[PDB]
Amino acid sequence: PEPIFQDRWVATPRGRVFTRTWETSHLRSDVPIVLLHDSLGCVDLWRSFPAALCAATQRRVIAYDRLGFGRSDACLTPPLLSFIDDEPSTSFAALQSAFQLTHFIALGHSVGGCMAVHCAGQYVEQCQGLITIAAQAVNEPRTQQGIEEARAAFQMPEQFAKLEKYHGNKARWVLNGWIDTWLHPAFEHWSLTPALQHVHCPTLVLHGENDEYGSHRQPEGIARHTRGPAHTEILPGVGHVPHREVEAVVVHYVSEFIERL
């Protein structure tokens, strides 16, 4: 029953990127699902979600830590303000080449979903579906305010310690690269609308009713501007992290979506 996983390292100009790939005994498709983590996430913080999704879809599930994150090599300079737009040419491009994905389905959580939208855009010929979970389509006060609140909790050593478990001493970099980009004045009028207009595969928009960072503005923005068909599911009673809060619900909707492709 339970799905296996293999680790596999991927080379990049700037350093080594970690990937984990789950499988089941029998696959229904060779086309895999690639997961893009959030601003403070990593394979380890995807917890049981990749196995559960692999079991339900009988598809390969590839999770990867962006360079400077999680299990991947440390990055010594601060991140560029272009890091969302840059992701289909950086860590993802490495993986896409390394694993020679002629075909893939992209799934991304939070700012990972923004990068997933970009990957569907850039790999228009290979991306066959997109899932976004709590993904930001526009900047808005609610997002800025939640990042501020969350930034404060971390100056308690116990809470920052929590970040060091999953990122090691790359934590300080991860925490600042979250805040320093999103609260930057250049990011004030930021919007995903140009990238969304380049997505042509079907799109599944998942967003928790009680998202602590993203209002109705976000799932609506995403479904508005897609060029391909786009189904939304507001999840009742769920916050910013649906794959942890309601893992079985998330896996259910994403299985349904992929079957329908």
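Start at 1 and count along the sequence shown; that's the residue number.
Taking the PDB entry as given, 24-32 carries the higher mean Cα B factor of the two stretches 214-222 and 24-32.
For the pair 178-186 and 115-123, the mean B factor over Cα atoms is greater in 178-186.
If you compare the C-alpha temperature factors of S72, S91, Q136, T77 in the entry, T77 comes out highest. When the modelled residues of the chain are ordered by their C-alpha B factor, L130 lands in the lowest third. In this PDB entry, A153 carries a Cα temperature factor that places it within the highest third of its chain's modelled residues. In this PDB entry, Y166 carries a Cα temperature factor that places it within the lowest third of its chain's modelled residues. Ranked by C-alpha B-factor against the other modelled residues of its chain, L95 falls in the lowest third. Among the modelled residues of its chain, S39 has a C-alpha B-factor that falls in the middle third, as given in the PDB entry.
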